[PDB]
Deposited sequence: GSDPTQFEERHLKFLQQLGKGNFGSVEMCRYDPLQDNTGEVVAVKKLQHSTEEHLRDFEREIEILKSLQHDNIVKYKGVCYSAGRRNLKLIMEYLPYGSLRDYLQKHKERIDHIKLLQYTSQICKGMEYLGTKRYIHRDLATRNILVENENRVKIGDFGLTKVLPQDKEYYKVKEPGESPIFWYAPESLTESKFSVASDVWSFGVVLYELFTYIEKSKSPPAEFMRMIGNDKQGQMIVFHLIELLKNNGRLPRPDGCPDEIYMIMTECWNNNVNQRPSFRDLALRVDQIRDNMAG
């Protein structure tokens, strides 16, 4: 689980997000082109503050072992996080690319896996804070994984929420109202954002239907102010084209202004699994 920098061969840039950057590399310590391909995450620019967040992120990933969470492999130290490489990339891109070939039953299979991954985080009192299809990865056609933990926090021992306000662009169109108004993040705000993930899936990532596109439409520098007002006024993302009522109702329940009335991830998984069965 200690990887030597000299043996990591760069192949391509996989993405940037939240001050981190990820590369596809081949780890080839025998220098004979037989090593495995791995994903390598590094800081875009290493502050001492950002370095300390990165170290906690590594600890979090390392503590997670679950079929629907990307596998930690080790570190390389300019500290680098080494992970398994998932060959189908981000669910956001995969879904868009194969939309004509992925049915509702398959979306619910992915939805179910995301819920189980999230329930597992919950058991460790981890709050993901960045649930979005762009952060979900595809291992194969039957299996997705939560694939990034850059914003993930551990709840204090004595509170059910964690207050945090970072510099940078926040993904406001996936945020719960209380995250926008009070900077409070909790299992319940992860549930809110999960409802946005579910919306993303059922729109098949159609560009004009993205959460920023739909909310901007509804609002017409103070964008956060008007987003807050819209949500307090029960403005919501619409039912996606083709989305059944019972699935849209899962979304609308995740999007409760009342924090304590949102479903649990365990109940989300049950409902999804039941609807899946009914469809099969």
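**Student:** Which runs of the deposited chain sequence never show up in the coordinates?
**Tutor:** Comparing the full sequence with the modelled residues, the uncovered ranges come out as 1-4, 82-86, 230-234, 295.
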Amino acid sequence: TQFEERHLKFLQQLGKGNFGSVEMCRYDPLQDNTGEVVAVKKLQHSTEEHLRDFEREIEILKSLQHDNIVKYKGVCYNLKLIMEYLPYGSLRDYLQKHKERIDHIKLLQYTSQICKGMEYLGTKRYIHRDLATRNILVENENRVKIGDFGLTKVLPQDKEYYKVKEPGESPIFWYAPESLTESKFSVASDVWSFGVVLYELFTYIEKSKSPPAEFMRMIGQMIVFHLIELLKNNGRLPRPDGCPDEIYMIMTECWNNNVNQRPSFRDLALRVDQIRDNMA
From here on, numbers count along this sequence of modelled residues.
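Between two forms, the rigid core is the largest collection of C-alphas that superpose within 1.5 Å.
**Student:** Given a rigid core fit, name the stretch, 116-124 or 99-107, whose C-alphas are on average farther from the form shown here in 7 other deposited structures of this protein.
**Tutor:** Once the cores are fitted, 99-107 deviates more in 7 other deposited structures of this protein.
**Student:** Which of the two stretches, 59-67 versus 41-49, has its Cα atoms farther on average from this form in 7 other deposited structures of this protein when everything is superposed by the rigid core?
**Tutor:** Per-stretch check in 7 other deposited structures of this protein: the more divergent one is 41-49.
**Student:** May I ask whether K165 is missing from the deposited models in at least a third of the other compared entries?
**Tutor:** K165: unmodelled in at least a third of the other compared entries.
**Student:** Does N18 have no coordinates in at least a third of the other PDB entries examined?
**Tutor:** Residue status for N18: gap in at least one third of the other entries.
**Student:** Please work out which of 231-239 and 61-69 has the higher mean CA B-factor as recorded in the PDB entry.
**Tutor:** According to the PDB entry, the answer is 231-239.
**Student:** Would 186-194 or 167-175 have the larger average of its C-alpha temperature factors, as given in the entry?
**Tutor:** The entry gives the higher C-alpha B-factor average to 167-175.
**Student:** Could you check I247, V37, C254, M216 and tell me which one carries the biggest Cα B-factor in the deposited entry?
**Tutor:** Answer for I247, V37, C254, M216: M216, with the highest C-alpha B-factor.
**Student:** Per the coordinate record, which of the options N258, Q12, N18, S264 holds the highest CA temperature factor?
**Tutor:** The record points to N18.
**Student:** Split into thirds by Cα B-factor across the chain's modelled residues, where does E200 land: lowest, middle or highest?
**Tutor:** Lowest third of the chain for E200's C-alpha B-factor.
**Student:** Using the temperature factors of the C-alpha atoms in this entry, rank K41 within its chain: lowest, middle or highest third.
**Tutor:** Lowest third - that is where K41 ends up once the chain's C-alpha B-factors are sorted.
**Student:** Taking the entry's C-alpha B-factors for this chain, is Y77 in the lowest, middle or highest third?
**Tutor:** Tercile = highest for this residue's CA B-factor.
**Student:** Please place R143 in the lowest, middle or highest third of its chain by C-alpha B factor as given in the entry.
**Tutor:** Ranked within chain, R143 CA B lands in the middle tercile.
**Student:** Among the modelled residues of its chain, does the C-alpha B-factor of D130 lie in the lowest, middle or highest third?
**Tutor:** Its C-alpha B-factor, which the entry lists for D130, ranks in the lowest third among residues of this chain.
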